[PDB]
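Taking it in order: structure first as structure tokens, then the write-up.
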Amino acid sequence: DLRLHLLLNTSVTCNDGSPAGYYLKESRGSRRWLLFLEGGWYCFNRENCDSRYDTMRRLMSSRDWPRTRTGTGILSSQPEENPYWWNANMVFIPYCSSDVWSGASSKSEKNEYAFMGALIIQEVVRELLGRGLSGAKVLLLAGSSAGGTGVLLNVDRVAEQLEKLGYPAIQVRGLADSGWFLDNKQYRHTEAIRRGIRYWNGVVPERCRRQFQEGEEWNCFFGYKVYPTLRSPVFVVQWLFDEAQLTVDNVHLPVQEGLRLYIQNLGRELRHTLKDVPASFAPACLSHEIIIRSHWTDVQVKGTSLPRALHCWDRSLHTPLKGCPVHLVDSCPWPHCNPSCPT
Ligand SMILES: Cc1ccc(Sc2ccc3n[nH]c(=O)n3n2)cc1
């Protein structure tokens with residue numbers, strides 16, 4: 001179990017002003033720290049956020065959070081469930097800012113909600129330094145869906161504060177799971193995100209912001225556009241046929257030729273955006289499954305599981321390694337052509 005700690009700086013809050021926090025299970029003796037960003041979409045205006053507060057309040061408030069949580073998947077401490085970092089210090093950061101981890105705006109007389117996702121990450125890191133993070137060799141910032149995009153938006157800022165805070169020895173790396181999206185045409189019929197960013201006062205990485213410039217920061221929410229601007233090593237996990245991608249594309253699954261070509265082209269576009277991502281794991285599956293599920297070990301690409309690929313990535317960060325690959329992108333063109341896809 002990971003134990004809840006509400007942030008000591010109570011000005012860094014969830015949407016409704018309650019304190020943000022993190023769940024922590026220390027593994028002393030281990031110099032590895034895994035900080036996982038929870039996902040859960042976002043909200044982009046007052047009415048849309050009001051609706052999320054009725055029926056998704058845990059994503060907007062810490063008032064009802066549990067004491068503890070069980071680490072699962074990559075957050076598990078059992079070596080059978082987590083061959084990769086079972087012995088690491090485990091941190092689960094709940095998503096309660098509804099801003100894809102990009103916000104830096106408080107509640108005020110003018111703001112019904114606070115959007116502080118970018119500041120929550122900074123404050124968690126700062127408070128963890130007094131709890132052993134100061135001794136880390138590697139800080140892996142990981143996350144799924146909205147948290148996966150959050151990794152891409154925040155990994156370089158975490159590296160920056162640790163350097164500014166006087167900890168240049170900590171190697172900051174990113175693991176973005178299911179947060180790598182395409183701004184493509186729907187099969188049948190960006191604006192919510194563009195409206196979201198203005199509503200949250202959202203912030204994007206500095207190099208990406210300087211390329212796309214004022215009013216175009218939404219581009220930095222798309223992995224293939226923000227990734228090349230990043231300095232920290234980032235491993236990208238993305239289903240070729242991600243269910244959230246297909247949902248926003250208005251695809252729900254006999255398939256006729258128009259939809260067949262659309263689905264096949266989407267997988268190829270995906271595959272193409274990962275061509276120059278050296279550390280990646282992209283199985284040809286239709287799925288919404290994420291890396292904190294207990295059976296995350298089962299999927300393989302070209303015979304290599306994700307826990308193995310991540311270990312090979314670790315070795316690469318000490319010229320490809322014999323028998324221990326890091327770039328694993330399926331080439332077959334249809335959902336579940338890979339026999340190991342989740343059922
Ligand atoms: C471009 C972009 C748009 C939305 C998000 S946020 C998101 C996207 C999928 C998804 N599936 N399940 C879940 O919670 N999410 N959240 C991130 C980037």
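Chain labels follow the order of the structure tokens: the first chain is A, the next B, and so on; residue numbering restarts at 1 in every chain, and ligands are counted from 1 in their shown order.
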Can you work out which residues are within 6 Å of ligand 1, considering only C-alpha atoms and all ligand atoms, and then hand them over as a ChimeraX atom specification? /A:39-42,100,145-146,149,179,181,221-222,244
Export, as a short mmCIF file (atom, residue, chain, number, x, y, z; two decimals), in the first residue's frame, the selected residues with N, CA and C atoms.
```cif
data_model
loop_
_atom_site.label_atom_id
_atom_site.label_comp_id
_atom_site.auth_asym_id
_atom_site.auth_seq_id
_atom_site.Cartn_x
_atom_site.Cartn_y
_atom_site.Cartn_z
N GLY A 39 -4.46 9.78 -14.95
CA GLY A 39 -5.21 10.39 -16.02
C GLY A 39 -6.68 10.59 -15.65
N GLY A 40 -7.47 10.94 -16.66
CA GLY A 40 -8.89 11.18 -16.46
C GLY A 40 -9.44 12.37 -17.22
N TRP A 41 -9.09 12.48 -18.50
CA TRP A 41 -9.56 13.56 -19.36
C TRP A 41 -9.31 14.94 -18.76
N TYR A 42 -10.29 15.84 -18.84
CA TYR A 42 -10.13 17.22 -18.41
C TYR A 42 -11.50 17.89 -18.50
N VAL A 100 -4.95 18.47 -17.71
CA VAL A 100 -3.94 17.65 -18.37
C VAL A 100 -2.58 18.02 -17.77
N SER A 145 -2.69 8.20 -20.01
CA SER A 145 -3.68 9.05 -20.69
C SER A 145 -3.42 10.53 -20.45
N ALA A 146 -4.32 11.22 -19.75
CA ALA A 146 -4.06 12.62 -19.41
C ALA A 146 -2.73 12.77 -18.67
N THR A 149 0.20 12.53 -21.37
CA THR A 149 0.45 13.85 -21.94
C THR A 149 1.08 14.77 -20.90
N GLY A 179 -0.71 8.72 -24.04
CA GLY A 179 -0.92 10.16 -24.13
C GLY A 179 -0.39 10.76 -25.42
N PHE A 181 -1.22 11.44 -29.12
CA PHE A 181 -2.42 11.54 -29.94
C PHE A 181 -2.14 12.25 -31.25
N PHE A 221 0.34 19.88 -26.89
CA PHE A 221 -0.36 18.76 -26.28
C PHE A 221 -0.32 17.51 -27.14
N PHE A 222 0.25 17.59 -28.34
CA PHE A 222 0.32 16.46 -29.25
C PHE A 222 1.75 15.93 -29.25
N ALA A 244 -9.25 5.92 -27.00
CA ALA A 244 -9.58 7.33 -26.85
C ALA A 244 -9.38 8.08 -28.16
#
```
Residue 118 in chain A environment, 9 Å, only C-alpha atoms, sequence neighbours closer than 5 positions dropped, as an MDAnalysis selection string: chainID A and resid 99:104 123 150 153:154 157 202:203
Restricting the calculation to only C-alpha atoms: of A:170, A:327, A:311, A:340, which residue gets closest to residue 83 in chain A?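 Among A:170, A:327, A:311, A:340, it is A:311 that comes nearest to residue 83 in chain A.
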Give the answer as one residue: which of A:143, A:166, A:71, A:79 has the shortest atom-to-atom distance to residue 234 in chain A, using only C-alpha atoms? A:143
Ranking A:312, A:175, A:74, A:96 by minimum distance to residue 49 in chain A and counting only C-alpha atoms, which one comes first? A:96
A:338, A:185, A:200, A:326: which is nearest residue 239 in chain A, counting only C-alpha atoms?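 Smallest distance to residue 239 in chain A is found for A:338.
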Close residues, residue 85 in chain A itself excluded, 12 Å, only C-alpha atoms, min 5 positions apart in chain, as number ranges by chain: A: 27, 30-35, 71-80, 90, 138-140, 306-308, 310-311, 314
Would you tabulate, counting only C-alpha atoms, all residues of range 163-214 of chain A that have an atom at most 10 Å from an atom of range 254-273 of chain A, showing the closest pair of atoms and their distance in Å to one decimal, sorted by chain then ascending number, as a Markdown table?
```
| residue | atom | partner | partner_atom | distance |
| --- | --- | --- | --- | --- |
| A:180 | CA | A:270 | CA | 8.7 |
| A:181 | CA | A:270 | CA | 8.2 |
| A:182 | CA | A:270 | CA | 7.5 |
| A:184 | CA | A:266 | CA | 8.5 |
| A:185 | CA | A:262 | CA | 9.8 |
| A:186 | CA | A:262 | CA | 9.2 |
| A:187 | CA | A:262 | CA | 6.9 |
| A:188 | CA | A:259 | CA | 9.7 |
```
DSSP says strand (DSSP E or B) for which residues of range 300-335 of chain A? Put them as a tab-separated table (two decimals) with C-alpha atoms, in the first residue's frame?
```tsv
chain	number	residue	atom	x	y	z
A	300	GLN	CA	4.72	-8.26	-26.32
A	301	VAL	CA	5.97	-6.57	-29.49
A	304	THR	CA	9.63	-8.38	-26.08
A	305	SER	CA	7.40	-7.25	-23.21
A	327	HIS	CA	12.22	0.61	-30.16
A	328	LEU	CA	9.25	-1.77	-30.44
A	329	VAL	CA	6.59	-0.60	-32.92
```
So how far away is CA of residue 121 in chain A from CA of residue 279 in chain A, in Å? 23.6 Å
A:152, A:330, A:249, A:317 ranked by distance to residue 284 in chain A, top pick (using only C-alpha atoms):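 Comparing A:152, A:330, A:249, A:317 against residue 284 in chain A, the winner is A:330.
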